[PDB]
Each structure stands twice: as C-alpha cells, then as structure tokens.
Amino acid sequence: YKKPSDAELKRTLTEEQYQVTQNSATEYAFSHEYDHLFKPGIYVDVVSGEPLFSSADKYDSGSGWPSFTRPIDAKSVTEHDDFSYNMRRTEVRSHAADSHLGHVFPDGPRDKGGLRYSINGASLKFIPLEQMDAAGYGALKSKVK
C-alpha cells in the first residue's frame, strides 16, 4: 500500500532488481551473492527499505536462492496461492511495496517451523548489523543473530 509507479522503479532499480521485484522474474539459482551471505544484519525491500528478513532466520537450503525459515514478522510479507506453470505454489511479496520476493515451501527445517522462504537475492538489500543504526533500523538490532 506504499508503491511507486513502475516508471519511477525503472529509473531507481537495477535491471535485475526491477525484473525480479516488478515482473517476478526468478534469478538463476546460485547467481546472487546473498545465496552465500551469512553475516549478521537484516534484509530489506529494495523498493521501500522495509525490513523483511533477519540474518537469524537465514539458512542454506542448498537450492541456490536465499532461504529463510520465517519473515522477520508475519506482517512484513504478503502470501498468496499461485496455480500457474501447472503447480500449487505460495508466492511471497513484501507488504508495503508489494515487491515479488519469491515463494514459500513446506520443506523448511522442522525445528524452525517447517517453512522455506525461497527469496531472490535481487529482491533484497542487506543492511549489516553495524549500519542498522545509521540507516534507521536501530529498533530491530535485537532480531539479528
């Protein structure tokens, strides 16, 4: 409920950020750095800068995309069913900017809830633990492992 026009996004995002978040174009498995990033911090929507994921919940599923057991809060994302490409899938988008993020699957680690949020790295901006104050995310420094 807080998204710019596509033309504004076209001039402010990279081609990969644009195609993934605005056209739901899945990045190639293993292609984004965030697939192999495991440092403390938060992952935010590239469009709104709203907090989406904590480093605490990030894990390697071996899929080739950033994987998380949960969003930072259920409120941060919007999920819906998708029956395209002949599949039953649940798409995940950010709440405020409504960016396409990826999909959620019921094959995540059971000790952490059983869900795998499979997210394009291109849909995210990583904010390191240390920069979280300077960038306005002080109050979430404690969701971070």
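Numbering starts at 1 and runs along the sequence shown.
Two stretches are in play, 119-127 and 6-14, and the higher mean C-alpha B-factor belongs to 6-14. Taking the PDB entry as given, 82-90 carries the higher mean Cα B factor of the two stretches 82-90 and 43-51. When the CA B factors of the chain's modelled residues are split into thirds, the value for residue 109 lands in the middle one. In the PDB entry, a CA B factor belonging to the middle third of its chain's modelled residues is recorded for residue 25.
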